[PDB]
Structure formats: C-alpha cells, structure tokens
Number of protein chains: 2
Amino acid sequence: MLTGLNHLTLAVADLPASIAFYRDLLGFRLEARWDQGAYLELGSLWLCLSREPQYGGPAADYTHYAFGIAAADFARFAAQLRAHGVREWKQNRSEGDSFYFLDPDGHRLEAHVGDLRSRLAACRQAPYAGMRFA
Amino acid sequence: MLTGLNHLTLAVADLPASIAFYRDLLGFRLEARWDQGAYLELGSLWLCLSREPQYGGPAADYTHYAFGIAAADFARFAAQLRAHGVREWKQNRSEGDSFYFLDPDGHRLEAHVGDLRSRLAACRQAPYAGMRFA
Ligand SMILES: [Mn+2]
Ligand SMILES: [Mn+2]
Ligand SMILES: [Tl+]
Ligand SMILES: [Tl+]
Ligand SMILES: [Tl+]
Ligand SMILES: [Tl+]
Ligand SMILES: [Tl+]
Ligand SMILES: [Tl+]
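Residues numbered from 1 in each chain as written, not as in the entry; some residues may be left out. Chains lettered and ligands numbered in written order. Heavy atoms only, no water.

### Thoughts on the UniProt feature "active site" in chain A
All names here are of chain A. So the rule is basically this: UniProt positions are given in the numbering used here, feature names are shortened, and annotations may be inferred rather than shown by experiment. Helix numbering and strand numbering both begin at the N terminus, where a helix is a DSSP run of H or I of at least 4 residues and a strand a DSSP run of E of at least 2. Between buried and exposed lies partly exposed: a residue is buried under 20% and exposed over 50% of the maximum accessible area for its type, with that area taken using a 1.4 Å probe on protein chains only.
Under the feature "active site", the UniProt entry names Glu 110. Among the secondary structure elements, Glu 110 is positioned in strand β8 (residues 108-112). Here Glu 110 falls in the buried class, since its relative accessible area comes to 2%.

Written out as structure tokens, the structure reads:
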C-alpha cells in the first residue's frame, strides 16, 4: 500500500543547466550535487536530476509535471519566465490559471493555481465529454 | 513562488487498462473518468491520465515516478505485483528498499521505502562520486 508520491526523477543531458533552471529560475533548493546527479526540494517535493549525456529529451506527448502556485503570484511568475525566454508548449483552456513551459531537456512543466478538489467542483458544472464521478 | 507538486499527468494508450492498473493494482482512488481521461488520488498525489490512442510509451531513459511505501508493506507489494505479471526495469542498489516496475504504457515506476532526509543521511556517511551537500 502506497502513501503518495515519494520523488520525481528526470533524465537530463546537461546537469549544470538543469540545476540552474530548477534552483535559480524556479526556486527549488539544492540539497546535494554529484558528478552524475542532483537532489532538490520544493515544499515536500523531492526532485532528482539524473545525468544522462546523450539524452535527447522526451517524446512528443501529453505527459507532464505541474507545480502549485498561489493565485497572487501567477502573473509575475508567468511574466518572469517569459522575460527569461522560456518556451511554452500549451495555451491554457482549463479551470484555474496555468502556465505551460519547457525545461532544458524539453520535459513539460506547468505552474497551476488550483487543486483536485477545485477542478472537480468546476467539472461538476461543465463536464468533459462523458464525465462520471465517484 | 512555487509550492510543491500540484499534479502528475501521464499519457496512456488504453484508458480502461491504465485505470484498472492504478486503481486496483496500485490502490489509487478513482475520482473521475471521461472520454479522454481520468483523475485519481493517492494520499495528496493527484494523478491524471490523458488518453492518446496512438501513444507508444516513453523512450528508454532514467525518467521515473516513485511512490512511498512503509517498510513493513514492502515485501508484500513486490510479491503481489510480480505474481500479477508486472515487468521490472531496474534492480535496487541505493539506500532503502525499492521495487521498479512498468505501467501498461511503459512509464517507469518505483515503490520506495525512505525519503530525502533518510537518503541524505546515508549519502554523507558514503558519498557518490564528487558529492557535495549544502
Ligand atoms: Mn496539467
Ligand atoms: Mn528513484
Ligand atoms: Tl504533501
Ligand atoms: Tl531518488
Ligand atoms: Tl488550467
Ligand atoms: Tl490536471
Ligand atoms: Tl491532452
Ligand atoms: Tl533504493
């Protein structure tokens, strides 16, 4: 029996580049670094970057990782990353503010205002095609 | 500005199949289902499944998603998944018991005993190549 997410691990071709992005641009804390990886923390999230040199990034699909942000900080976050030249991969069409951006290898990230409970609430009013609740 | 992990989204080719895997085999609670996806919950983890009928699973790299498990439940979980025919993608060699298995699309998963604190404790006494804390 599982208790939740324990850690998220991303393959990275350029370790120094990825540490810089997550620590300096996104605000993660660098807890450890070694020749082949790094461990960072953000709130309770344990992130690990695992160096893998010929890594060519993910394939083109919907898999992505969303981080929380308070409503009051959204606009400034989005403005800051855009000013830094981060590339976006999706435009927001779903409940709560969301900014959809890529990391150095092309891993798909998201900064989202909202949670499961708020998404479910909005859904109960405006169902996606064929929605069942339970 | 960011606060933590808000949600994990995985692309899935066969929605019925992935739902059955996460709910029954891993014990996630199914909160909602629609023609193109599902929302499941485990502890504070919000898992989203996004249907992509032609999706062929990720490429081969170290990107993976680990879920927490208590030391006393570990053997049983591993034993159970092995009996159900789940395929493994790695053998444990780092601090804390870990079982590394694939989902139906080939996303790489992990059930892990321990956390960042426990890992940092072990690393100090035995550092990886060129490790540094801070
Ligand atoms: Mn999302
Ligand atoms: Mn791991
Ligand atoms: Tl948490
Ligand atoms: Tl780890
Ligand atoms: Tl959204
Ligand atoms: Tl979502
Ligand atoms: Tl999608
Ligand atoms: Tl381990």
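### Side note on the sheet that holds strand β2 (residues 29-34) of chain A
What counts is decided by this rule: At least two DSSP bridges between two strands are required for those strands to pair. Here a residue-residue contact requires only that any non-hydrogen atoms of the pair lie within 4.5 Å. Axis lines are fitted through C-alpha atoms, for helices just across the contact stretch, and the angle between N-to-C directions can take any value from 0 to 180 degrees.
If you walk across this open sheet you meet the 9 strands as β6(B)-β7(B)-β8(B)-β5(B)-β1(A)-β4(A)-β3(A)-β2(A)-β9(B), and the pairing is mixed. The sheet terminates laterally at β6 (88-90) and β9 (132-133) of chain B, the two strands that pair on one side only. In this sheet, β9(B) lies alongside β2(A) in antiparallel orientation, the contact comprising 2 bridges. Considered in β9(B), the bridge of A:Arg33 is made with B:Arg132. Sitting on the sheet, helix α2 (residues 71-83) of chain B is in contact with β1 (2-12) of chain A together with β5 (64-69), β6, β7 (98-102) and β8 (108-112) of chain B, with an inclination near 30° to β7(B).

### Topic: the nonpolar core
It is characteristic of soluble globular proteins that their nonpolar side chains tend to be buried jointly. To keep it simple, the criterion reads: By nonpolar core we mean a set of buried residues, namely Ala, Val, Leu, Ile, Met, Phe, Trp, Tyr and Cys, connected to one another through side-chain atoms within 4.5 Å.
Counting residues in hydrophobic clusters, the biggest one holds 62 residues, and the most contacted among them are A:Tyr22, A:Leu26, A:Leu49, A:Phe101, B:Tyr22, B:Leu26 and B:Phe101. Aside from chain neighbours lying at most four places away, what touches B:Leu26 is A:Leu2, B:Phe21, B:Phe67, B:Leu81, B:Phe101 and B:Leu109.

### Description of the environment of B:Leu116
Within the fold, B:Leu116 resides in helix α3 (residues 116-125). A relative accessible area of 5% means that B:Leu116 is categorised as buried. Along the chain, B:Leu116 and B:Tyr22 lie 94 residues apart, while their C-alpha atoms are 25 Å from each other. Not counting chain neighbours up to four residues away, the residues in contact with B:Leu116 comprise A:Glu31, A:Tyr39, A:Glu41 and A:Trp46.

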